[PDB]
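Okay, so here's just one chain, in structure tokens, the form deposited in one PDB entry.
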């Protein structure tokens, strides 16, 4: 680590957010939905506001500000940008709204309508997204279908930097605290040595692709977490999904290889899936493919078009 992080954290007035309406509740916290209307600008930006439960127990305010710190330090089409924070009672994360939600829910709730062109394209976009984070020396640690949001069915972005970690020109690993990370998405060296690395994200990427190819299945739906370690140890891996050619499945397996360095690089995955996406019917055999996917507001601009220096 060495280059200075000259990102801008923007504090936003609680009086700039109209039309609030709870999106997802949940144990962890609460995501809202609203309209951010910059102070003296004829623009209304559709936003999600995240206020994670734990009342004010400063323990929270940490996680939420680390989230913010990272989310504010990323500029990529395939990664969610932090719009700003709000210093109300508790802190709030304000970010571009992703109208179609989680990619996980999105595939779950659209199976009989998702073409191969999309699935392969998303894998491209998530690989692009990750490669970016690789460049910004940044280990996501929690890549899952549930952390990819959908802007439009042809444009996804990665999110949830709750466990993300910056590295160093020195550093190559991240020796975690007391683990609180999903087992079914984490590399084998993550589950035994609490080691995290870019190549560990690769594994999670593999599992993510596995989720999409299976339209939302739960990795190891049977097996309980206290057992995951043992299974992978013996050699077992996720099955090959129905719609999946060997070409595509073998990419998934390559991500789950015991020697981390033998795993593909995200820049290879971009290339590989990118090739594949030029002829999607040849790598994915989806029954029915060849599929279509879908007060006043003059002043609405997507965040993606709301810029300002930097």
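In this text, the rigid core denotes the largest set of C-alpha atoms whose superposition between the two forms falls within 1.5 Å. Numbering follows the first chain given and starts at 1.
Only in words, not in the display: the form deposited in another entry, which the text now covers.
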Superpose on the rigid core and name the single residue from 35, 277, 271, 260 whose Cα moves by 2 angstroms or more between the shown form and the other one. 35
2 Å or more on the CA of residue 251 between the shown form and the other one, with the rigid core superposed, yes or no? no
So that I can tell if residue 58 moves, could you say whether its C-alpha shifts by at least 2 Å between the shown form and the other one after the core superposition? yes
For residue 87, state whether the C-alpha moves by 2 Å or more between the shown form and the other one after rigid core superposition. yes
Between the shown chain and the other structure, the Cα gap of residue 166 to residue 53 differs by 3 Å or more. Is it closer or farther in the other form? closer
Any idea whether residue 66 and residue 103 get closer or farther by CA distance in the other form, knowing it moves 3 angstroms or more? farther
